[PDB]
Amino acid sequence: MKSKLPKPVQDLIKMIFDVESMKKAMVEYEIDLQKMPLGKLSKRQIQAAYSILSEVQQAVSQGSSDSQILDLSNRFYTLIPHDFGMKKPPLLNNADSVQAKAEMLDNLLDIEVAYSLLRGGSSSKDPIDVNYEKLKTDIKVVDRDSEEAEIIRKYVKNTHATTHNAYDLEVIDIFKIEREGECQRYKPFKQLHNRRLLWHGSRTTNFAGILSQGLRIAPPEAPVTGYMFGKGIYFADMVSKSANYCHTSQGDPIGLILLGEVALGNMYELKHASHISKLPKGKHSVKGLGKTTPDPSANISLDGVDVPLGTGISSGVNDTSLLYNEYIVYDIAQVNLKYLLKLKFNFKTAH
């Protein structure tokens, strides 16, 4: 039965559930699709690989022998078979190598979730309607000329800096999203002070799982050292910072970005990386202090939530490894997803 969903909603389902995009990502990661096809991927496979990366991180830091490190590296590549052609598999003997593999396993996890979702379940109704229902998310189109659309376009326009200006962002569609059960889950944290409407950028191959299971934290098996501020949910107050996580190109210039209401409370303000396991007593989030911050005078309050749509101005900071701020929560319930944007990247050089 022909779908009654708006074309921009239909086209979003087609995007996030594309199997060719999924396989394209695995190939980019240099995974052997003969030994490890899409359907062979398991949660237990990725969790076991995470455990080996933590074993590697421990081995390196506890002064293990090169043979022990190589054996561990070989175990990883046995579990997630890669195809390097003439090249040899990169030795997982340093922290950078494990951060690369942790990032990959993060992205593979959502690909497993998308494909398992897509292949699972049940006829006589459009497969787009079937797949919209699987997301357990109400996806509404926000009108181009609405007040909220004007606020979101101002947020994108003003929070787009010159350092990242190797592209221009063009907002194609704005979706008002609400995941089944997320409001009730967030209610205890709706109480907390310092709630902000922040950005979360991710690969398009990650949004089926993001809409289905929400924004998650890396599992306990994952190395805490494989993430800058530990295993939490990362956000940005400047669209350009998050837009760099959209993994777009000349070939595919369309990305997906999120606007989430994040209950931050007391922020553990830091200038340099910290591998947070447990947050300090009295703190509810981390604020990675950046050199540039949106103008605090220009802050707006859409639905009681602070929208830091201020134009990029310099902050006090001074001794920091961050150009732009970042916010991190360590409870998946501290996030309430509000909007999903479909962005066009108009790539061009600028000096």
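We call the rigid core the largest set of C-alpha positions that still match within 1.5 Å between the two forms. One-based numbering along the sequence shown.
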Legend entry - Higher-deviation stretch (C-alpha RMS, rigid core fit) in 5 other deposited structures of this protein, choosing from 68-76 and 142-150: 68-76
Legend entry - Higher-deviation stretch (C-alpha RMS, rigid core fit) in 5 other deposited structures of this protein, choosing from 184-192 and 128-136: 184-192
Inset, instruction - Check the residues of the deposited sequence separating residue 122 from residue 123 and report how many of them have no coordinates, as none, 1 to 3, 4 to 9, or 10 or more. - result: 1 to 3
Legend entry - Stretch with the higher entry mean CA B-factor, where the candidates are 182-190 and 203-211: 182-190
Inset, instruction - Output the stretch having the higher mean C-alpha B factor in the entry; the candidates are 156-164 and 107-115. - result: 156-164
Inset, instruction - Would you mind finding, among 285, 47, 61, 54, the residue with the largest C-alpha temperature factor in the entry? - result: 61
Legend entry - Criterion, highest CA B-factor; candidates, 26, 289, 41, 302: 302
Legend entry - Third of the chain, ranked by Cα B-factor, where residue 195 sits: highest
Inset, instruction - Within this chain's modelled residues, let me know which third the CA B factor of residue 260 belongs to: lowest, middle or highest. - result: lowest
Legend entry - Third of chain Cα B-factors occupied by residue 137: lowest
Legend entry - residue 247 CA temperature factor, ranked by third within the chain: lowest
Legend entry - residue 77 - Cα temperature factor, lowest/middle/highest third of chain: middle
